[PDB]
Ligand SMILES: NC(=O)OP(=O)(O)OC[C@H]1O[C@@H](n2cnc3c(N)ncnc32)[C@H](O)[C@@H]1O
Ligand SMILES: NC(=O)OP(=O)(O)OC[C@H]1O[C@@H](n2cnc3c(N)ncnc32)[C@H](O)[C@@H]1O
Ligand SMILES: [Cl-]
Ligand SMILES: [Fe+3]
Ligand SMILES: [Fe+3]
């Protein structure tokens with residue numbers, strides 16, 4: 001029983017179905033593959049087209065999943081899509097009325113066209129199954145829990161009918177107990193508020209990170225005017241007719257000032273985050289207190305995008321409402337993509353389910369075999385120095401004990417937003433200094449952002465308070481207090497309220513990463529490391545060896561450990577050997593605007609990425625002339641010859657474009673097809 | 001007592017308050033000036049910045065109104081703005097949360113900044129008055145009616161609180177009788193439906209013109225699912241939670257396929273428009289049947305943007321529900337700007353009002369004095385031939401009788417969307433082939449579109465069925481039946497259903513235009529002309545002399561009559577003497593996207609206008625190089641020398657960009673102050 005689960009919109013690599021298609025129109029595209037009831041492969045398209053939370057059709061994700069499964073497209077028994085057909089087609093139809101030049105192609109025709117043109121795959125109509133959105137979420141969260149029965153709660157921003165749903169799950173059977181309508185979305189509430197802080201879609205985790213720095217008393221009475229808790233676990237959100245934002249009109253009327261780009265976070269801003277987080281917590285605990293008592297159940301699965309609020313999950317864990325709580329690594333729409341595969345199989349006979357609780361999210365493409373990796377690392381010679389230690393974990397453990405910050409790339413990439421030791425950046429977890437050192441310098445993000453610890457299963461309870469229930473910690477789903485007697489010891493991974501988004505690694509969840517942290521513990525007396533995602537501020541988590549090396553070379557990391565090779569950056573790297581390549585969304589433009597006196601203004605030049613929210617950057621006339629000749633094969637050095645050579649000024653200008661990922665820059669050729677490692 | 005009325009957003013000429021500010025965020029910007037109760041000047045900003053239904057701050061309109069009144073900024077006693085302060089600021093606040101780079105400037109600071117930087121006018125806080133939106137519509141529509149008591153209905157997309165409001169008016173006082181919430185908007189319903197016919201904001205009256213070609217029965221039962229009439233003049237619209245469009249999900253579920261831009265209008269499209277138009281008529285007449293008998297009024301003023309639905313007005317006229325009906329020429333938000341002035345005046349003293357029913361919309365800037373018009377037409381000599389007939393009206397009537405299609409430009413431009421004899425295109429109303437060609441060749445628009453007649457007041461009842469109530473026909477507010485025995489004769493202006501959006505012109509409403517129509521009637525026996533607005537498909541109604549000549553030369557008009565000068569295009573027009581200028585929104589781009597094997601794709605060049613909805617067009621490599629050197633003073637002939645002479649292909653390529661208004665082309669100099 002081999003079933004593809006699909007989520008996201010339908011745009012091609014280089015264009016969107018409607019020009020500048022909204023980034024909120026079916027985001028976090030992904031593909032999942034199940035076989036005989038198990039999740040055999042899953043990867044978000046963002047890892048492959050390098051567009052954070054992309055909406056584009058997950059064609060690459062499908063190709064990669066089929067390769068990991070050793071399947072042809074025609075081997076696939078069914079395809080599940082994470083919304084009902086009439087709902088997606090109604091939304092598409094609405095986009096088409098707003099863009100009258102777009103041809104009338106609805107989801108079924110588009111899915112078949114993308115697979116046909118992309119994979120030579122001729123999908124028969126009977127193999128495509130469309131699925132209720134909250135059902136998809138519920139299957140994904142509950143079926144990987146290892147539980148045989150559970151209360152299931154789903155809370156997200158937009159199901160077709162509901163923003164919230166409560167189920168009773170038993171075996172492979174879901175029974176809806178309650179629902180909440182779309183305008184009551186707590187995910188929409190959170191996003192609406194997030195905009196008042198100078199942030200936008202995808203920044204919710206930043207707002208959650210900020211909230212402990214604020215006082216929830218300041219705006220508590222203001223938020224009280226936006227919701228009311230009611231009997232039987234009901235609530236209302238109080239809308240308005242003025243703007244599509246629940247929160248902005250009232251806060252404007254009380255003098256709140258939305259944060260501007262590049263501005264600092266005032267105490268008003270910090271307190272707003274704190275009150276927003278406490279609001280969503282109170283409503284969800286209101287829901288769960290009622291449905292715990294009413295259903296009688298002791299086990300909870302929590303899905304939907306809202307279940308990436310690990311602070312909320314920590315409060316659910318400590319509430320004492322449940323004995324067990326499970327949360328999936330990909331609880332946002334990529335998880336509904338997986339769930340849709342299971343719902344498609346259920347629609348076509350009895351449902352085969354996973355045999356055990358999910359412990360590892362290592363499910364995307366691997367980096368490649370040792371032969372092809374070495375070969376490719378050699379293409380990078382003009383830029384890096386490679387060692388081959390005897391025990392790369394031992395060497396890495398010592399280097400971390402020495403105080404270095406490591407890139408750590410091994411095996412199959414993580415499904416969902418957290419890095420868990422397959423595409424990670426790791427450092428010593430004890431010195432506070434590592435916080436501003438990694439935030440400001442190497443990862444280039446805001447300072448209030450705390451860092452997440454990874455600890456061995458054996459030492460977990462010597463450092464963290466996991467009480468209140470038995471939650472799953474392999475995926476950093478839960479924020480838990482750090483025990484007071486360990487707070488100062490864990491100076492880098494302890495938030496202001498003494499809490500931490502802990503990963504608990506085991507020989508089961510990740511043998512190599514468990515070995516690393518254990519071995520570090522023996523060397524140091526503290527088996528806890530800092531673990532943050534391996535990417536800079538302009539890209540999602542790195543996927544390929546090339547992505548890994550590129551990201552190493554464009555951040556200030558000390559050493560990179562990638563499949564037992566120890567990589568360092570040469571003294572002066574020769575950028576001239578790299579071959580520049582446009583991304584599918586790269587645009588290069590010379591512009592003239594209207595001058596005063598109604599002349600043609602003077603030429604300016606820019607590069608940008610053509611998707612909604614895509615970045616943009618000025619380029620010098622000289623780099624514009626160089627980039628216009630990019631052919632995909634000639635090296636940067638050789639292209640620069642046409643403008644007098646790759647001078648230090650040009651190389652610096654190119655490097656800064658590289659850091660923002662406007663172009664692909666890598667040695668000639670590729671690493672070739674990913675080899676059969678025999679697993 | 002001198003009061004300025006304002007409406008629109010606050011964007012400058014070249015930038016918008018937020019980048020790509022949506023075209024619906026405070027559109028139809030305009031300024032109005034009232035002195036001693038009388039509307040002395042009014043013009044929409046679109047006529048001056050040449051962006052249809054523009055949202056930009058009406059800076060040029062304010063300056064032009066002050067000049068027409070002979071007033072200085074410091075003379076203005078008050079300024080009214082057509083929405084409450086908190087409402088417009090809440091919307092601005094929302095846009096700022098979506099665009100965190102934009103600084104937190106709200107409407108009071110923005111309005112005073114635009115006036116100070118734009119006019120040198122430091123406006124004190126106490127002179128700025130914000131006004132309820134439907135109250136502003138109501139004042140405008142009622143105070144110009146000539147009536148001393150009336151029922152006043154306002155229907156539009158949305159005021160700050162309501163989609164519709166019903167008032168009692170007596171003397172100068174408005175008292176509210178009823179209101180309808182924002183989700184019940186009939187304006188929003190009609191605009192939602194308009195999006196299904198491949199159209200957008202501003203196109204509603206095209207859908208209106210399509211409706212008589214459709215059968216209203218096909219989708220009647222479908223539309224019946226989106227509204228319910230209730231007792232005592234109430235009604236409800238049934239929304240949905242999938243998409244922000246009331247209409248599209250239901251019609252999708254029944255297999256409706258929204259027309260694509262540049263595809264024909266199928267019979268299902270036509271039937272869709274006909275059922276839509278019937279639906280809104282049913283609901284409005286339901287509202288008005290209740291409130292006429294309840295309020296006791298025999299007279300009705302109807303305003304708000306929905307009052308530009310001339311078909312609806314004609315059914316209100318024939319309904320027998322009222323003895324009299326008045327509709328203002330500018331019932332959309334420009335008219336709300338004017339009403340904001342009256343409300344501002346009322347809050348700062350007693351309220352002076354118009355002495356008479358408004359008969360003329362000729363309220364914008366004029367074309368200029370006779371000598372500056374003659375001198376400026378001389379500057380255009382390399383492209384035009386000019387005659388100076390003894391009696392231009394006499395000559396024009398004869399040319400019309402010989403089958404010529406005339407541009408007609410005189411005096412002050414029309415306020416509101418209809419051309420009424422000051423910026424008009426006119427032709428013989430009799431041959432049906434005139435509608436076919438003027439649609440295809442001159443206005444360059446869809447063949448289904450009807451044409452509106454102008455008739456003399458003395459012959460109106462010989463041709464049209466005006467009966468029922470007494471409505472005002474000076475501004476083409478009402479669709480009326482053409483008399484059956486005249487439908488054959490009026491081949492070009494009788495719509496498929498036998499109706500016509502008539503302008504009845506009189507010596508009092510437009511003396512010169514009336515003389516033209518009367519004289520044409522004397523020559524031919526038919527005192528009726530076709531009268532369409534003087535603009536091509538790429539511009540709003542022409543304003544200045546250079547606008548009129550530009551439009552004449554880039555439309556396929558036979559002859560232009562402008563302030564008694566007879567203008568025709570030269571056999572070979574020398575485009576090289578024209579000085580190209582960028583418009584403030586013109587952008588010139590050389591672009592590369594990704595190509596094969598992740599290469600840089602091949603260069604392309606394009607020109608575009610930088611506003612939401614703005615057009616774009618490809619340009620050749622060599623025109624791109626030419627336009628890159630535009631300095632605003634050098635002629636196109638001199639500019640083309642750098643690229644090796646003004647080729648015949650370059651001139652042709654330039655002419656087509658001129659026709660689409662991507663740049664300004666005009667002889668050196670200008671007409672000077674008017
Ligand atoms: N159907 C659909 O909309 O996709 P989805 O399941 O991925 O839900 C995303 C929603 O979860 C909310 N959300 C996401 N992350 C969140 C976080 N860390 N904290 C609070 N809310 C969050 C987010 O604001 C957004 O409203
Ligand atoms: N409300 C506001 O902000 O400005 P406003 O007074 O100018 O109203 C615009 C509204 O009039 C509606 N509208 C315009 N023309 C229309 C027509 N011919 N038929 C129906 N509705 C029309 C249009 O669809 C739109 O919903
Ligand atoms: Cl591994
Ligand atoms: Fe979801
Ligand atoms: Fe209005």
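Protein chains in written order, with the authors' numbering: chain B, 1 to 679; chain A, 1 to 674. We put the beta carbon where it would ideally sit given N, CA and C, even for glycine.
Does residue 268 (chain A) come within less than 8 Å of chain B when only Cβ atoms are used?
Along the second chain, read from residue 1 onward, the residue named residue 268 (chain A) stands at position 268. Chain B contact via Cβ: absent.
Please classify residue 338 (chain B): is it buried, with 16 or more other beta-carbons within 10 angstroms of its beta-carbon, or exposed?
Locating residue 338 (chain B) in the first chain gives position 338, where the first residue counts as 1. So residue 338 (chain B) ends up on the buried side.
Could one say the Cβ of residue 582 (chain A) lies closer than 8 Å to chain B's Cβ atoms, at least one of them?
What you label residue 582 (chain A) is simply residue 582 of the second chain in a count that begins at 1. Yes - at least one Cβ of chain B is within 8 Å of the one on residue 582 (chain A).
With 16 other CB atoms within 10 Å as the buried threshold, where does residue 225 (chain B) fall?
As a first step, residue 225 (chain B) must be located in the first chain, where it is residue number 225. Label assigned to residue 225 (chain B): exposed.
Residue 599 (chain A) versus chain B: which residues are under 7 Å apart at the beta carbon?
Taking the first residue of the second chain as position 1, residue 599 (chain A) is located at position 599. One finds 582, 630, 631 and 632 in chain B with Cβ atoms closer than 7 Å to the Cβ of residue 599 (chain A), taken in chain order.
Residue 563 (chain A): which of A:518, A:366 and A:535 sits nearest, CA to CA?
Position 563 of the second chain, counting from 1, holds the residue named residue 563 (chain A). Comparing Cα-Cα distances from residue 563 (chain A) to each of A:518, A:366 and A:535, the minimum goes to A:366.
According to DSSP, simplified to helix, strand and coil, what is residue 539 (chain A)?
The residue given as residue 539 (chain A) occupies position 539 in the second chain. Residue 539 (chain A): coil per DSSP, three-state reduction.
In chain order, what residues of the segment 612 to 627 of chain B put their CB closer than 8 Å to some CB of chain A?
627
Can residue 686 (chain A) be considered in contact with ligand 1, in the sense that its beta carbon sits closer than 7 Å to one or more heavy atoms?
Examination of residue 686 (chain A) is not possible in this model, given that chain A is present from 1 through 674 alone.
Who's in the neighbourhood of ligand 5, going by beta-carbon under 7 Å from any heavy atom, listed in chain order?
A:133, A:137, A:156, A:157, A:159, A:304, A:305, A:332, A:333 and A:336
Kindly list, in the order they appear in chain A, the residues whose Cβ is closer than 8 Å to that of residue 594 (chain B).
Counting from 1 along the first chain, the entry for residue 594 (chain B) is found at position 594. Per Cβ cutoff of 8 Å: 14, 582, 583, 584, 585, 586 and 587.
Using the C-alpha atoms, what's the distance from residue 620 (chain B) back to residue 649 (chain B)?
If you number the first chain from 1, residue 649 (chain B) lands on position 649. If you number the first chain from 1, residue 620 (chain B) lands on position 620. Distance between the alpha carbons of residue 649 (chain B) and residue 620 (chain B) is about 10 Å.
State the start and end residues of the unbroken beta strand (DSSP E) segment that holds residue 428 (chain A).
For the purposes of this step, residue 428 (chain A) is taken as the residue at position 428 of the second chain. Per DSSP, residue 428 (chain A) belongs to the beta strand (DSSP E) from 423 to 428.
Which full runs of the alpha helix (DSSP H) of 4+ residues lie inside the segment 67 to 122 of chain B, going along the chain?
85 to 98 and 107 to 119
For residue 329 (chain A), which option in A:347, A:310 and A:317 has the closest C-alpha, if you only look at C-alpha atoms?
Reading the second chain from its first residue, position 329 is the one you call residue 329 (chain A). Comparing Cα positions, the closest option is A:310.
Below 7 Å, is the gap between the Cβ of residue 314 (chain A) and the nearest heavy atom of ligand 2?
Against the second chain, residue 314 (chain A) aligns to sequence position 314. No; taking the cut-off as 7 Å, the Cβ of residue 314 (chain A) has no heavy atom of ligand 2 nearer than that.
With three or more C-beta pairs closer than 8 Å as the rule, is the segment 33 to 48 of chain A touching the segment 83 to 97 of chain A?
no
Assuming residue 362 (chain B) contacts residue 534 (chain B) under a Cβ cut-off of 8 Å, what Cβ separation, rounded to an integer in Å, is found between them?
Walking along the first chain from the start, residue 362 (chain B) turns up at place 362. Walking along the first chain from the start, residue 534 (chain B) turns up at place 534. That pair is no contact at about 13 Å.
Compute every distance between the C-beta of residue 515 (chain B) and the non-hydrogen atoms of ligand 6, then say whether any falls below 7 Å.
Although ligand 6 was asked about, the structure shown includes only ligand 1, ligand 2, ligand 3, ligand 4 and ligand 5 as ligands.
Quick one: which unbroken beta strand (DSSP E) runs of 3-plus residues sit fully inside the segment 421 to 487 of chain B? Chain order, please.
Segments of the beta strand (DSSP E) lying fully in the segment 421 to 487 of chain B: 423 to 428, 453 to 456 and 479 to 481.
As a quick exercise: from A:574, A:418 and A:511, pick the residue whose alpha carbon is nearest that of residue 383 (chain A).
Residue mapping note: residue 383 (chain A) aligns to position 383 of the second chain, counting from 1. Cα-wise, what sits closest to residue 383 (chain A) is A:574.
Do residue 591 (chain A) and residue 589 (chain B) have their beta-carbon atoms positioned less than 8 Å apart in this structure?
On the first chain, position 589 is the one that residue 589 (chain B) refers to. On the second chain, position 591 is the one that residue 591 (chain A) refers to. Yes; because the gap between Cβ atoms is below 8 Å, this pair is in contact.
In the structure shown, what three-state DSSP assignment does residue 223 (chain A) receive?
As a working note, residue 223 (chain A) is residue 223 in the second chain. In the three-state reduction of the DSSP assignment, residue 223 (chain A) falls in the helix class.
So is residue 525 (chain A) buried or exposed if we call it buried at 16+ other beta carbons inside 10 Å?
On the second chain, residue 525 (chain A) is found 525 positions in, with the first residue counted as 1. Its Cβ having fewer than 16 others within 10 Å, residue 525 (chain A) is exposed.
What are the boundary residues of the alpha helix (DSSP H) that residue 495 (chain B) is part of?
Taking the first chain and counting its residues from 1, one reaches residue 495 (chain B) at position 495. Premise fails: residue 495 (chain B) is in no alpha helix (DSSP H) and is neither H nor E.
Taking only three categories from DSSP, how would you classify residue 179 (chain A)?
To locate residue 179 (chain A), count along the second chain from 1; it is residue 179. If DSSP states are grouped into helix, strand and coil, residue 179 (chain A) belongs with the strands.
What does residue 225 (chain A) reach in chain B if we use C-beta pairs closer than 8 Å?
Translated into positions along the second chain, residue 225 (chain A) becomes position 225. Simply none; closest approach about 15 Å.
Who are the near neighbours of residue 555 (chain B) in its chain, counting only those whose CB is closer than 6 Å to its CB and skipping five residues on each side?
To locate residue 555 (chain B), count along the first chain from 1; it is residue 555. Once the five neighbours on either side are set aside, the close Cβ partners of residue 555 (chain B) are 442 and 536.
In the DSSP assignment, find the unbroken alpha helix (DSSP H) run with residue 520 (chain B) in it and report its ends.
The residue you call residue 520 (chain B) lines up with position 520 of the first chain. Run containing residue 520 (chain B): 511 to 524, per the alpha helix (DSSP H) assignment.
DSSP state of residue 267 (chain A), grouped into three classes?
Translated into the one-based positions of the second chain, residue 267 (chain A) becomes position 267. Residue 267 (chain A): helix per DSSP, three-state reduction.
Against chain A, does residue 182 (chain B) count as a neighbour if the rule is that its beta carbon must be under 8 Å from one of theirs?
Translated into positions along the first chain, residue 182 (chain B) becomes position 182. Chain A contact via Cβ: present.
Taking the straight line between their C-alpha atoms, what separation do you get for residue 211 (chain A) and residue 481 (chain A)?
The count along the second chain starts at 1 and reaches residue 211 (chain A) at position 211. The count along the second chain starts at 1 and reaches residue 481 (chain A) at position 481. Computed Cα separation, rounded: 15 Å.
What does the alpha-carbon distance come out to for the pair residue 7 (chain B) and residue 56 (chain B)?
Residue mapping note: residue 7 (chain B) aligns to position 7 of the first chain, counting from 1. Residue mapping note: residue 56 (chain B) aligns to position 56 of the first chain, counting from 1. Near 10 Å, if we compare the C-alpha coordinates of residue 56 (chain B) and residue 7 (chain B).
Give the DSSP-derived three-state secondary structure of residue 45 (chain A) in the structure shown.
Position 45 of the second chain holds residue 45 (chain A). In this structure, residue 45 (chain A) counts as coil in the three-state DSSP scheme.
Could you tell me whether the segment 578 to 587 of chain B touches the segment 408 to 420 of chain B, using the rule of 3 or more Cβ pairs below 8 Å?
no
Would you call the segment 91 to 98 of chain B and the segment 290 to 305 of chain B touching, i.e. three or more CB-CB distances under 8 Å?
no
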